[PDB]
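Reading the structure
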Amino acid sequence: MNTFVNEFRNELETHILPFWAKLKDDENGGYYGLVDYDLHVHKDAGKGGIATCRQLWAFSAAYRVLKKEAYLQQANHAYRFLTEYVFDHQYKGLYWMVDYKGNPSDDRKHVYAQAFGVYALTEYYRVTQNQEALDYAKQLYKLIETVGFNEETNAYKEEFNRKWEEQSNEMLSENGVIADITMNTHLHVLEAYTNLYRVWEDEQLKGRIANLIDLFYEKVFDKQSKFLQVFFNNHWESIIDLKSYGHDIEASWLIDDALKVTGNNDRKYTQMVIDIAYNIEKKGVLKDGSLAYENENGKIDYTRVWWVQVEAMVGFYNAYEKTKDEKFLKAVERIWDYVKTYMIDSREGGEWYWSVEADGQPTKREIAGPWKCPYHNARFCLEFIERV
């Protein structure tokens, strides 16, 4: 197991983090906004608010665990861009997108983005004790708890305009009939708040975590199928037949972290964590050991998506810790083999591919951009390092 973890640490320190460091944008701040499949760096691309949070989180956590000062320097650079340009100093909260010079380009205010801000700012606080960073985190928490929370439905909200006026609060069109409530937003609020409580042990916050856990247990989690549901109406009724294998296994270990940080030993929640992990081991893993992406209606998308694989490795290893069931260890080993064989790019200039098709070929999608950054894959390496 030390063998496997040395391979993850090597991947992290010699491939992943150097690639992201090569995107440091000294002139304009933060990190260049796009690297396409063919490894062109678009220095003038838009810079995501969430991407910037994730960059800050990844470098801060890398520094916490591995303690190399270069990682702190990267974290500082991310912090500056986040607080100087991505934060809206007039109407407050994080922009969805800025242009390459940090001017607002998509000035919508999404609860999901505010959550990622809390998560990243608290992680930076863990390694700096920068009081400003923690205050910023508390401001975003305040927004999410007030304007970003629906008292009536017991649910966090979705999308606002710049001035915090509730918009088409959904998962952008596509739905056809739009969602009022999403699992995804609730997950990342829980993730963020877990990290906040590590740094600020507030009793009210504790209660907000317990509330999220109970929403997961009662509303999100199907106690028959053992899957999470994804999209809901305002009555917390699921509105689409969709299973997202990666979200489930991620949620398994993130909820567990929320349990651990707050001392919540309620047995139904522990059992939920375990049952999800068994469910995804049985239903999500393909015959090559990789994980499928989604099952919509009857139809499985067999694309191997990068973040799904690493969340499965973490969630399965957590499950192994709780069950001592070798099935989970075996699952972790086989995902890792798949990942080294098909998902980690061996091009000079490369990192990880976004996804791999069923034929084994890389999907021709960007390597870095608003929706692909170092958080998932760095976090995976760091979780194993710290757990072992």
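Listed as the method for this PDB entry is X-ray crystallography; the listed resolution is 1.850 Å.

Here's the deal with the pattern of salt bridges
Between side chains of opposite charge, a pair can form as their charged atoms come close. As enumerated under the stated definition, the model contains 30 salt bridges in all. One salt bridge connects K109 with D88, and the closest N-O pair in it is separated by 2.7 Å. A residue pair is termed long-range when its members are at least 10 positions apart, and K109 in strand β6 (residues 109-110) and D88 in the loop between α3 (69-86) and β4 (97-98) qualify at 21 residues. Accessibility assignment for this pair places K109 and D88 in one class, buried. Relative accessible area serves as the criterion here: at 1%, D88 is assigned to the buried category. Overlapping salt bridges bring together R198, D256, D257, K260 and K322 as one network.

A closer look at the packing of aromatic side chains
A full pass over the atoms with the stated rule returns 35 aromatic pairs. The interplanar angle of 50° and the centroid separation of 4.8 Å between the aromatic rings of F8 and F380 together place this pair among those described as tilted. With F8 in helix α1 (residues 2-21) and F380 in helix α12 (residues 375-387), this residue pair connects regions lying 372 residues apart in the sequence. The exposure class of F8 is buried, given its relative accessible area of 0%. Among the aromatic residues, those joined into a ring-pair cluster are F8, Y317, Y320, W336, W352, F380 and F384. Note that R347 overlies the ring of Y37, its terminal NZ or CZ placed 4.8 Å from the centroid.

Calculation notes
Residues numbered from 1 in each chain as written, not as in the entry; some residues may be left out. Heavy atoms only, no water. Salt bridge = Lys/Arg side-chain N within 4 Å of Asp/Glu carboxyl O. Helix = DSSP H or I, 4+ residues; strand = E, 2+ residues; numbered from the N terminus. Buried < 20%, exposed > 50% of the residue type's maximum accessible area, 1.4 Å probe, protein only. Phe/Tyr/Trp six-rings, centres within 6.5 Å; stacked < 30°, edge-to-face > 60°. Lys NZ or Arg CZ within 6 Å of the ring centre and 35° of its normal.

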